[PDB]
Structure formats: structure tokens, C-alpha cells
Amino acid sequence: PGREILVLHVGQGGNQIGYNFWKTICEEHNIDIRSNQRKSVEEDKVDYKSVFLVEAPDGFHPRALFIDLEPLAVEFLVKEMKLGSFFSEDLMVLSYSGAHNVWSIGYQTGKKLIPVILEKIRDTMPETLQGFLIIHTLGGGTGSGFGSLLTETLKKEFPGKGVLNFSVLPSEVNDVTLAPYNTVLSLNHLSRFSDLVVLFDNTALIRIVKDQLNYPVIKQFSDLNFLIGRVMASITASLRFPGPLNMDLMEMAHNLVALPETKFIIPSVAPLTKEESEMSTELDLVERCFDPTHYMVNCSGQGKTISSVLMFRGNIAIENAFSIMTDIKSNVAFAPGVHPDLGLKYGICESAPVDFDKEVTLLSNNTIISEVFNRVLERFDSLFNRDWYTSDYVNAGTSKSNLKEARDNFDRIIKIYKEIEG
């Protein structure tokens, strides 16, 4: 036993993303998410299902908790996707009142549910658990505030285990006017308590779906969240399937986090379609990953890479993987202090994602985060300097001084990234 991970889904976005993640994980392991059973013995592959899946005599179950302060997003999702026997009731921690898009309400109200969450974790977690993934949006109130509280709680309650966040930033025009407050408060908390924060935003995700997958229409978030699930699944594939070069969660974090504060990561994946996977080279896929068209955070350009992790999945020519390294280092901009021989961390897994020939996933620690975060800060200041929308933060235990303290620590992180940029 070992390497087990527990996934916490928080708020509407966090749980809706959970559907796509768990659908992907079950598909990769030949598990029928509706029967809880292997689809067949003959197509059962040599693998390590226990990373994300709990095998019981009756079948397989997600090592997950489904957490929200209001019940509708989760209940409607479970009904629509027919997930009742997989997202089972004993894995849900739901209240009734909602956070009303205020981080502070999410944080305060979430405290009441922490005892039940810790008891559920300690009831079923193996002692060799390697860590936790928290899936949440930052612009609402529950994912942001309760998600922040959970990050703090787990890091305090389980020292020595990894806490990783998969976190959705607001879109280029925010669709929650309070999102700058919720985002600054969340990123301040994750800077204090997370080990690694992998970021996404819907402007980038919509651009990828319309321009790389050419979907005619996006009617449900499941036709966006699949990209987040793909990143989550591919970066953990070498924990779950054979391959020449495997890597675990903190191995990836250690290679990425050059200074303690630089833990905010931009992900990308290539190719997005099966047809492209059959007509591309390792070099072509890596170049796509390093191109802003494939970044899952909306960026103005390539930025400067401090450190990166590349996962090669599937039908990979190892000599191409290694020989293109000088080309990556020459063609992609890296931060001034990065030695020509450094800044790359490789995993190589023999398992391709569903029906693809091969796939590359990139996690980049990139100075361009400063531009992304500065835009959040500019939005924050436009509200805070006018004292707009602060009342319900103050009423729920976040004083105006506290908001300012979170802003100023956020700015300090931004300046660290900008300084590395040169």
C-alpha cells in the first residue's frame, strides 16, 4: 500500500469538475462508473488502481469527498449524470444555506463542517496516503472560502502529506463582481498553506475548446471541465500505469518550486484530439504545450519559464523526448537565471489517454503569473479603494484591514515573480 490520494471537491465548480475527473479516471482503468465494476477481466490492464480508487468487495469507489454549502449543484449533477452509486451519499458533506459569493461566509460557515470532514477522512484514509487534491473555483464563495479553509485545515492536521490545489481563476471579464475579493483572499490563503497551486480560467478553456476541439457549442460545463480532468489524470498517470520514468506529487512540486513562494502553476496539454495525436511528433506536441494558445490560463504571451514538468504519455520515442531538450531550451523563453541545461523535469508513462496515440502535459512555473495576478490586483483595487461590496465580508469576520493585509501579501508574491523575470 501507498501513494494513495484523496480528492476534495468544493462548491459548484469544484464538484462539477469532479464529474469529468472521475469519469476520466474510471475510463483509464476500464471501470464502469455506473456499475462500480471492471468492464472485463480481459481488458483489465496492469495498473495501480488504488491511487484514486477504493476497491471494496462490491466494486470500486472514488477516494473523494463532495463538499458544498448548498445542495443543488451536487444533487442535480448526480441525478443528471446517473452517478448515484459512485458519488454516494456517504461521500457528501452538504449544507443548505450557500456562501452567497462571499469568501468570508464560505470560510466561517465551512468551519461547522470541518469536524465531519476530518472524521470521514480519518475513517477511510490509509496511513500511507500521500496527500490531498482540492478542486475549487476561486471567484465564488464556497470553493474560494471553504476551499481556502480546507487547504489550511489539511496542512495543519496532516503534516507530511501533500496538499495540492486545482483552482479556477475568474474569466477575463469576471462573471462574479465580487470575484477580485474572493480570488485575492483565496490566493493569499493558498500561498500560505498549499504546496502547489495549478491554475485554470474559463477564458482560456473556452478558447481551447472552440479553437482546438472545434466544438460547435458548449451547452454544459462538462464540455469545458474535461480539460481540467485531463490535466489531473495525465499528471498522475505514472502513479497508475507502467512506464520508464515515474514521478509522484511532491516530486513534481519539488522540481517546480524554485523559491518557497513560487508555487503557482500554469498547465497545458497537447494534442486535444485523437486525430492530431496520430499526426504529430514529440517536438510538435511540446511546442504546442509551450504556446499560449494551449495555456489553460489566459496569458498575453509565452512569458519566461522558471521550471517545468512534462509528462509524456503513450507511444513515445524516448530518443525524441531527450533529443528535443536543447530545442526546447533554445526556442522557449526561460527566466534569466535558468541554466541552459536546467528547468525540465520528465515523466514518461506507457499509457495513452483514451484512444490517443500519445499526449504531452506541461506544468509551467512561469513569470507571466505576475501579469495574471496583477490584473486580479487591479480589479481588487478598483473595488477596495471605493469601499464597494465590503459589508458582507466585514459582517462575516474579514475586516477591511484583513482584506488589505491579504492584498498586500498577494502583491508581495507578484513582485517575487516579477523580480525573477528580470
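One rule holds for the numbers: they count along the sequence shown, beginning at 1. If you superpose the two forms and keep the largest set of C-alpha atoms that fall within 1.5 Å, you have the rigid core.
Comparing against the shown form in 8 other deposited structures of this protein, which stretch has the larger RMS C-alpha deviation after a rigid core superposition, 226-234 or 111-119? Greater root mean square C-alpha distance in 8 other deposited structures of this protein: 226-234.
Greater Cα displacement in 8 other deposited structures of this protein once the core is superposed, comparing 141-149 with 170-178: Evaluated in 8 other deposited structures of this protein, the stretch farther from the shown form is 170-178.
Residue range whose averaged C-alpha B-factor is higher in the record, 218-226 or 126-134: Result of the comparison: 126-134.
May I ask you to compare 305-313 and 89-97 by their mean CA B factor in the entry and name the higher one? Comparing averages over the C-alpha atoms only gives 89-97.
From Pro267, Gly243, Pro260, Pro180, can you pick the one with the highest C-alpha B factor in the entry? Each of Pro267, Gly243, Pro260, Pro180 was compared by C-alpha B-factor; the highest is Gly243.
Looking at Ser238, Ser186, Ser194, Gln212, which has the biggest Cα B factor in the entry? Highest CA B-factor of the listed options: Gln212.
Report the third (lowest, middle or highest) to which the CA temperature factor of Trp388 belongs, ranking only the modelled residues of the same chain. CA B-factor rank for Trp388: middle third.
Ranked by Cα temperature factor within the chain, is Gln108 in the lowest third, the middle third or the highest third? Middle third, going by the recorded CA B-factors of the chain.
Can you tell me which third, lowest, middle or highest, the CA B-factor of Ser280 falls into for its chain? Highest third, going by the recorded CA B-factors of the chain.
Could you say whether, by C-alpha temperature factor, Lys329 belongs to the lowest, middle or highest third of its chain? For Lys329, the deposited C-alpha B-factor lands in the middle third.
Going by what the PDB entry lists, where does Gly141 fall on CA B-factor within its chain: lowest, middle or highest third? Ranked within chain, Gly141 CA B lands in the lowest tercile.
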